[PDB]
C-alpha cells in the first residue's frame, strides 16, 4: 500500500534557453519573434492613396504621371519604386525634406496664384519631355514663360501671390537653365537675366546659367526647383526678366497621414497597423525579424531567427 507523486512528460520536447542553460528541454514552448508577414499592403479601414507612377514631388508641380493625383485626401500615402517626379529634367532643393512633408500630409489642395502676363510674354511653352495625350505639354501647375517674339528681350515682370487663407501654402517655382547661348537668346533675349523671389520669410536671387550637359529625356537643359512655405496673410513676389518657371497654382497640405514606401500590391480586405517594403505585419508577438525598417505600430526588430519561451515544465522522459 503506497501512493506516489509525479508529473507528466512527452516523447518530443522542445528546447529552450535559460539563464544558466541553453539546451534546456521543456514539455512545451512558443515563439516570441515573428518571422512571417503579409505580401500585401493591408489597407482596409484606411482612406488611402496608391500613387504608382507618381512621385510625391510630382504632385506639387503637376508631372503628367501625376494627373490623377493633383488634389486629394488620405490618411495613408503610398510611394512606389521608380515613381516619376520630373518630366523635364531637373532637381529640387531640399528634396528629401519636402518629400517627407508630403508623405506626412493627409491631403493636398491647389489654389490659383492668379498670375497674368502681358502681350510680350508667351505663357504656354511646352516640350515633348512632358507629353500629355499625344501632345507636347508641361508641368500642370507651372507655366514656362518665354518671349512671344523670339530673340527679343523678355520684359521685366512682377508677380505677387497673396495667401488669403488660414493655413500655410507651399509655393513652388523653377529656374530654367538653358543648354546653349543660342537657345538662351531665343527664349529670353541677349540681356542679362535675374530672378528674385521673396516673402516675409524668404529672400533669394537666381540666375539662369548656360552650360552644355548630357541629354535626359532628350533635353540638355535643366530646371531647378525651389520652394518655400507662405504663411497666412503673407505675400510672395517674383521679380524676373527671363528664366522663371512660374507657379500657376500653389499647394496646401492638410492634416496628417502615414507615408509608406512599398513593393507590395494593395489589399483592401485585410487590415493592419504595421508596414514595410514587403507589405504588412499582423501579429501579437513583441519582436520580429522580417525588416529592420518598419513603419506604423510595429513589433521591435530583433537580430535573432528564433527565441523560444517555455510553456511547460522541465521534460524528463519515461
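Numbering follows the first chain given and starts at 1.
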**OP:** Could you check which stretch, 28 to 36 or 54 to 62, carries the larger mean CA temperature factor in the entry?
**Re:** 28 to 36
Original post:
Between 285 to 293 and 258 to 266, which has the higher average C-alpha B-factor in the PDB entry?
Top reply: 285 to 293
**OP:** Compare the CA B factors listed in the entry for 116, 182, 92, 164 and report the winner.
**Re:** 182
Original post:
From 247, 243, 135, 107, which pick has the Cα B-factor that tops the rest in the entry?
Top reply: 135
Original post:
Going by the entry, which third of its chain does the Cα temperature factor of residue 101 land in?
Top reply: lowest
**OP:** Report the third (lowest, middle or highest) to which the CA temperature factor of residue 218 belongs, ranking only the modelled residues of the same chain.
**Re:** highest
Original post:
Comparing residue 168 with the other modelled residues of its chain, is its CA B-factor in the lowest, middle or highest third?
Top reply: highest
Original post:
According to the PDB entry, is the CA B factor of residue 224 in the bottom, middle or top third of its chain, that is, lowest, middle or highest?
Top reply: middle
**OP:** Comparing against every modelled residue in the chain, figure out the third that the C-alpha B-factor of residue 148 lands in (lowest, middle or highest).
**Re:** highest
